[PDB]
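Written below as structure tokens is the structure these notes are about.
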Amino acid sequence: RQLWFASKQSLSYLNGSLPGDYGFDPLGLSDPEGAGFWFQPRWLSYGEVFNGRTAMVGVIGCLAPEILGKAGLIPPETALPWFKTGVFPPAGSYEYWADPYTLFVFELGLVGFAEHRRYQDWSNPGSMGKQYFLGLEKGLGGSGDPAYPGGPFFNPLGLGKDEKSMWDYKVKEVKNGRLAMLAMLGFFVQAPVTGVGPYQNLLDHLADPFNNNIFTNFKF
Amino acid sequence: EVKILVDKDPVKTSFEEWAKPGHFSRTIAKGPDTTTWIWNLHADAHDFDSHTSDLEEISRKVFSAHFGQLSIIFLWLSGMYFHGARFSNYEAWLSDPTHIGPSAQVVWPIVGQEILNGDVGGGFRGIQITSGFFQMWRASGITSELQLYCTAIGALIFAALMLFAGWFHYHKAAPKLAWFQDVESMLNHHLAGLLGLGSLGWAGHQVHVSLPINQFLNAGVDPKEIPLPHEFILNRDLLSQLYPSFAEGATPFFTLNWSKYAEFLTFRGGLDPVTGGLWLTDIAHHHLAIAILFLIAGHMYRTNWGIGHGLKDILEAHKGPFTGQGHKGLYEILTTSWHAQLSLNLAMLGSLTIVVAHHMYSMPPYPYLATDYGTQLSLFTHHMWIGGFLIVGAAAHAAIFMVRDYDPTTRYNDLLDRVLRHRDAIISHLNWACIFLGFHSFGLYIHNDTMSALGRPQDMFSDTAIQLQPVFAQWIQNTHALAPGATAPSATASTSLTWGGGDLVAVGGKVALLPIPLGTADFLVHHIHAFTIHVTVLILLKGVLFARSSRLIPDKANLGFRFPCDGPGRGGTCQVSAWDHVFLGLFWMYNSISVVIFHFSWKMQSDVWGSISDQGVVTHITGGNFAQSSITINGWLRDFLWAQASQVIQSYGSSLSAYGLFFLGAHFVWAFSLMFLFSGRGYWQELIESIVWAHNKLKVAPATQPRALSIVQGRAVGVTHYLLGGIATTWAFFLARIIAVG
Amino acid sequence: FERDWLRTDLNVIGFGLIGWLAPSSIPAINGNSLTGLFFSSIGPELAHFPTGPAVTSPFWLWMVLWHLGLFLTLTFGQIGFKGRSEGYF
Amino acid sequence: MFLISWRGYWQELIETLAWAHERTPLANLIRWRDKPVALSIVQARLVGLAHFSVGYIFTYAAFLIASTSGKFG
Amino acid sequence: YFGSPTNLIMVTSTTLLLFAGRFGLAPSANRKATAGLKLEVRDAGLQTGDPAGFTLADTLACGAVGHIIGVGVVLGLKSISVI
Amino acid sequence: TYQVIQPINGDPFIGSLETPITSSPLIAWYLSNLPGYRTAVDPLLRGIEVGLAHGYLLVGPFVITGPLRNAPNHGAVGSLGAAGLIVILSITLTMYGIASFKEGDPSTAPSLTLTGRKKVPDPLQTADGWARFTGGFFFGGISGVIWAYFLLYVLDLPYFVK
Ligand code: CLA
Ligand code: CLA
Ligand code: CLA
Ligand code: CLA
Ligand SMILES: CC1=C(/C=C/C(C)=C/C=C/C(C)=C/C=C/C=C(C)/C=C/C=C(C)/C=C/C2=C(C)CCCC2(C)C)C(C)(C)CCC1
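Protein chains in written order, with my numbering: chain X, 1 to 220; chain W, 221 to 962; chain E, 963 to 1051; chain P, 1052 to 1124; chain A, 1125 to 1207; chain L, 1208 to 1369.
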């Protein structure tokens, strides 16, 4: 197996049993000895997969309005950089049907109902297929693996029937999650340095590459 | 290998042990039979190594106690910011800091106490504060009361966070002993992480929020029209007008053209004439350099990769023909004894606090701090007292380590062994030094007093008589005054105005700082200081060195660290424990610090502080009477104690009336302590025997049998009351004098 | 007690003296040297014998900065010579 | 001093001074004839009380005589 | 800026110190010095893929301290006005 | 390795240590050649030397720091004060000798060297020896005071501080 900056400590517990395993753990965060709460091997893999899943959607969320508005698809005023949509009021904001602080409460309620239910699966595997939830609990029983629930809702197409395809898909998903993680970190770093959006940054670089980079942008 | 090591749910969270007082110790948990129990519960509350012999269990307890202390400190800071935001005249003081006295406490109108709301100016009535918070807030760029409210809310949130962290790390995730003993990682993180990153962040705040707002303030623009701090980050153009170099961005930093940042990163020295404090451009550069120095320092030790040092390796390689094996064995001692680490850290912190006190008056960092005499005197005295107390605690805990954790069979060290093998020579030499210094310092004062009383002023030790000039300190002053020209060419002015550069800084018709002259009187007080410091060192070192055994008591270790005596035998064996030595050394620390603060007060009021007119004439508070009057004890009695106490004794019926009341109360408590210090418990137990009879006659005798205080407890009560009364007397007298006349 | 506790070498003195006098004589101070400055300041003070140097004289700083280095080199040379033969390094 | 500090501290300190005298050249030629010991427990109380009373009497006598003799009432 | 003496100094310092760490002329993760200098062989257990056992920690440390040396030389070559 | 500090005379249970301050050959020779440690010679001559040194050294402080230091008669007055101090010191020496030594008793000085070799104990620790020592001390001290006065204020030599 290909190893990227491994160690004796890393290879003791990183044995290839997890998808996207390259023995990379310089700081020993996944060591099973004396591990609990936030720093345990089973919470960290779930956190990696979950964070990659949100980052994968977030990259498209940031890139879609700016790309569509650079074409003639969506109205210009709805095509904004991700930091000018109201998420960062100093950089500008948009006027929606509801106040942003009222939208925050609605999102808080919905997302809380989702995430507390997600957590009770981790803290109690089969718990959420038992109590009445308007009949949806029939498909919210989990699978015993917190990051891979499956079922009628979360895996409706029923892909990865055999083990060899499920493992390959898990590898691809963790790899794309890592790549989108890096992409969103790049977005966050580029936003203050260069005052424009990621797509404008891309276009301005393949127009005159030697005058649009970090070396030039050590001025803002 | 260095890794996180925790234990899950070690102690269950329940109220059952709250209902059982004394649960932490075997003896106390059984309940009380006499009143002594009630005291024993409070004296052993935090003596964790006496509760259990497990090092891990003790370490977890101290780790959570630190979180509790941090929560209390955050609550205190939140209260200070909230009172600044809600009950203060800060916004009026900002527009006129030279004519308005800071105030952040307002009393209620009850039982006539509303007289304490005095005229501090700015259309405000309150109590004048001497903490210096107003100048620090002005330096930080704080301009409105809203930003203080947000700071109070944040400090409350942080206090809640620390309390939750303490509970979580004692009851849910308790770190193992190996985690605590990872000293290399702790040193690396505290040097690079805490200090380096903290100073870097503060430097960023200063170059982004402090420098521009203070430039606007020092230019004379209204605080309510200064742009908000974030406006100096949003449009960089506002920042490119005060300093055009900001137009270049971070390109000069990465291309190594640092002189392009000379506008806001300077090496000036001296004081800002408009402000009377250190240049903010100097302070930002200081913090930016300190950040780099500490970030590089925090990379010295080896944690998980090959690079770095081993502390044990460094210790074991330092030995010589006079010191045997050297420092070998010290790593084992300092990684298994909490008391030795506490002793070392207490000594270093107490020494650093005194340095802070000395440096803050000579180089006022905050704006309008030098001309606020009440704040300067209060800060100096406060930090001197804190340093002295921490230094005494260092000796106490070194003695505790010697009594309990010392073990030559398993934790031998050559240096400590060799020190214990010639302690007689050390103690006798320090005794001789103390006697010599006491004579040649205090007896000169007696000689001067007798010569003055005999009508022979020409036979005294004075500047107009037999001279004793501090030539070495004068040479150091002259050398530091010439530094900008030869030894610090890049510096524009000397590091302080007191070295002798022949300039004075005046702010609002008041003298900030000027060259401080040294003469015979200073020669006298400095040796007085040295004598008292040496006596305190003698008392504490004799207790530390002779704690385990002496020729009188071969087995003093079996008696413990804190015991009254070993009986009236051998002529009398009172106060032979190491605890008594701390009890005695507290008095001498008090004496030394009192003399130091008296010296500071008189010198500042006589030769530095004062007023300046629009002619060029300086008039000091006491008119330069220190040189000719501070050389006799009668001079201190008359021109300092009698003359300057005239304020606190005529403060009745004014806003300063609370200081005379505290003056009398402190005198009363100081006198009260002498009952405990001069007597013994055998008389008091016999006296209690008669009162118990009177109670039994009326069937009101309590089941908890009344006991006189223990021999050690009476000493503790006496010394605590003595120190409280003494320190409060000076607190009230100093504050009244410097608020009325300053 | 050993007769000669210092274990005198008499090569350490010369080696330390030369190893202080060689680098300190480099003209890196406005064209002058630390030894040069100290030696040139010695004479004018002797010009007004028996009165001692004034408080504001440059003699003291030069005297202290030269002897700190001399003592440092001598002590370090002695330590190195004695500890290389006893397995200290 | 006598009323606050007690005997054992002083005895343990006198032991060191005895050693120092016994080890000092040109002073070994002189020997004490009575062994130096600290003051007794009862002796120290009496000495401290005497100093306290003498200071108490002298301070007030000086103050009273001087205050009544500066102005003569 | 490229080809200027400051850039030349930074690159030469970084390359020299990386070469010194790589070729056993400076302390590294697998090479610790005794009291009298004298690098000794040490098994760090890092694993690097490099034939001479040059680990990522060694590269980072060498780069950082070479940057320190380069800044020290640059600031001081132009303070003297050689640059 | 090589340690410098050793137990006194090789005995680790005698309350002293051997240090360069106490046992170096230079200091040992210097202390052995002082008149206070010359065991095999008449104590009178040793006292003469001791008094000659001490009375001579005592002249300066009395002459220069005394109350009459600024008077033209300062030298004689200071010399008289130094002579009075020498007289008081001789009185103290006589008192100590009378209190410490009986006429018939032998010497209290040690009779062994550091090498364990028997020697004659110092006769200075006897009544007659101490009496001779204090008489020599008085005679030497008065003569030293007189000599210092003669050098300073009878020949008036150009001493920097007078
Ligand atoms: C070290 C921190 C500190 C300190 C010393 C103070 C000190 C003070 N604050 Mg303050 N404060 C702080 C932090 C601090 N605060 C913080 C963090 C906040 C933000 C929440 C505030 C918010 C605040 C406000 C809003 C006010 C004060 C006020 C005051 C002053 C009067 C307080 C008083 O009378 O208590 C009130 C009395 C009590 C709280 C009672 C004590 C409770 C204990 C537990 C005993 C309970 C017995 C009870 C009273 C008996 C009845 C019980 C019932 C069952 C019968 C006083 C100078 C007041 C002031 O200055 O007025 C001009 C005021 O209005 N503070
Ligand atoms: C860069 C990393 C870092 C930082 C910043 C700190 C900072 C601190 N440590 Mg610490 N520590 C570290 C790494 C670090 N440590 C490591 C790696 C170890 C193991 C070797 C330890 C072991 C250790 C012990 C055993 C103790 C401390 C203590 C302290 C506090 C000293 C009191 C003080 O100066 O108040 C400064 C106060 C502030 C700066 C206020 C802000 C508080 C900070 C920001 C919180 C620190 C968060 C922490 C680094 C990570 C949080 C974990 C995360 C899951 C939330 C201080 C908050 C002492 C203490 O008081 O314990 C509570 C103590 O007893 N530390
Ligand atoms: C961070 C510093 C620090 C820490 C962690 C400790 C920790 C400890 N010390 Mg220690 N100490 C310190 C500083 C410190 N000390 C300093 C600075 C001194 C010098 C004064 C001492 C002097 C000292 C002695 C002499 C002794 C200890 C002891 C102890 C141990 C038991 C403590 C206990 O149960 O107290 C319980 C707490 C109390 C009984 C509360 C006392 C309340 C005080 C006296 C009142 C203070 C006045 C107050 C400020 C004004 C209030 C006014 C009023 C009207 C409200 C414990 C390990 C004892 C021990 O046996 O160690 C093993 C012991 O004998 N320490
Ligand atoms: C003002 C009161 C006072 C005075 C003068 C002293 C004096 C002394 N204390 Mg002290 N002490 C006091 C109160 C006082 N104490 C109190 C209240 C406490 C309780 C906390 C203590 C607790 C204490 C401890 C715990 C220790 C001392 C020590 C010392 C000695 C320090 C050495 C020294 O300075 O010798 C010089 C002598 C003096 C300064 C005394 C004044 C002499 C002047 C010059 C006049 C002399 C003229 C001449 C001789 C008169 C002769 C005339 C003839 C007719 C007799 C010294 C004897 C320490 C000690 O013994 O170390 C050696 C020590 O360890 N004391
Ligand atoms: C040969 C070869 C190769 C190459 C290699 C190399 C060449 C590498 C390099 C690498 C590198 C090249 C690295 C670097 C690094 C660097 C760093 C890491 C830096 C850092 C810096 C810093 C940290 C800074 C700091 C500071 C500041 C910020 C301020 C000023 C001062 C100081 C300096 C302190 C390969 C493998 C491809 C392939 C095979 C062959």
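All residues carry an ideal CB built from backbone N, CA and C; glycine is no exception.
For secondary structure counted as the alpha helix (DSSP H) over 4 or more consecutive residues, the stretch 552-588 of chain W holds these complete runs in sequence order: 558-582. Where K730 of chain W is concerned, the enclosing beta strand (DSSP E) starts and stops at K730 to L733. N438 of chain W has no beta-bridge partner at all, per DSSP.
In the DSSP assignment, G830 of chain W is bridged to W:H840. Not a single C-beta of chain W is nearer than 8 Å to the C-beta of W1028 of chain E. Take the alpha-carbon of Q40 of chain X and the one of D31 of chain X: they are about 7 Å apart. In this structure, the straight-line span from the alpha carbon of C785 of chain W to that of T793 of chain W is close to 6 Å.
The beta carbon of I512 of chain W sits closer than 7 Å to at least one heavy atom of ligand 5.
Of the residues L:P1313, L:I1228 and L:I1221, the one whose Cα lies closest to the Cα of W1337 of chain L is L:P1313. The C-alpha of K392 of chain W lies about 12 Å from the C-alpha of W38 of chain X. Shown here, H1281 of chain L sits in a helix according to DSSP, grouped into three states. Taken from the Cβ of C794 of chain W, every heavy atom of ligand 4 lies 7 Å or farther away. Taking the beta carbon of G549 of chain W as reference, no residue of chain A falls within 8 Å; the closest one sits roughly 18 Å away. Bridge partners of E1164 of chain A according to DSSP: A:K1156. Distances between the C-beta of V326 of chain W and the heavy atoms of ligand 1 include at least one below 7 Å. From the beta-carbon of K232 of chain W, no residue of chain X is found nearer than 9 Å; the closest lies around 16 Å away. Separation of the CB atoms of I1193 of chain A and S1137 of chain A is rounded to 5 Å, and the pair is thereby assigned contact status at 8 Å.
Where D227 of chain W is concerned, the enclosing beta strand (DSSP E) starts and stops at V226 to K228. With a cutoff of 7 Å, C654 of chain W counts as near ligand 4, since its C-beta is closer than that to a heavy atom of the ligand.
Taking a beta-carbon distance threshold of 8 Å, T475 of chain W counts as an interface residue toward chain A. Taking a Cβ-Cβ threshold of 7 Å, none of the residues of chain W is close to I1221 of chain L; the smallest such distance is about 13 Å. Beta-bridge annotation (DSSP): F681 of chain W is paired with W:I686. Residue range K8 to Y13 is occupied by the alpha helix (DSSP H) that includes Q9 of chain X. The residues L738, in chain order, have a CB closer than 6 Å to that of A693 of chain W in the same chain once the five nearest residues on each side in sequence are set aside.
Between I958 of chain W and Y810 of chain W, the alpha-carbon positions lie close to 22 Å from each other. Contact annotation: in the stretch 623-642 of chain W, residues whose CB is within less than 7 Å of a CB in chain L are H642. Contact annotation, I320 of chain W with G342 of chain W: C-beta distance approximately 5 Å; criterion of less than 8 Å satisfied. Taken through DSSP and simplified to helix, strand or coil, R790 of chain W comes out as helix. By the Cβ rule, the stretch 284-296 of chain W counts as touching the stretch 383-391 of chain W, because three or more pairs are nearer than 8 Å. With contacts defined as CB atoms closer than 8 Å, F1344 of chain L and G1254 of chain L qualify as a contacting pair. Under the Cβ criterion of 8 Å, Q870 of chain W is not counted among the residues facing chain P. Cα atoms of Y310 of chain W and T699 of chain W: separation of roughly 41 Å, rounded to the nearest angstrom. Contact between the stretch 511-523 of chain W and the stretch 483-501 of chain W is absent: fewer than three C-beta pairs spanning the two stretches fall below 8 Å. The beta carbons of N524 of chain W and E221 of chain W sit about 6 Å from each other, so the pair counts as a contact at 8 Å.
With contact defined as three or more Cβ pairs closer than 8 Å, the stretch 938-953 of chain W and the stretch 879-894 of chain W are in contact.
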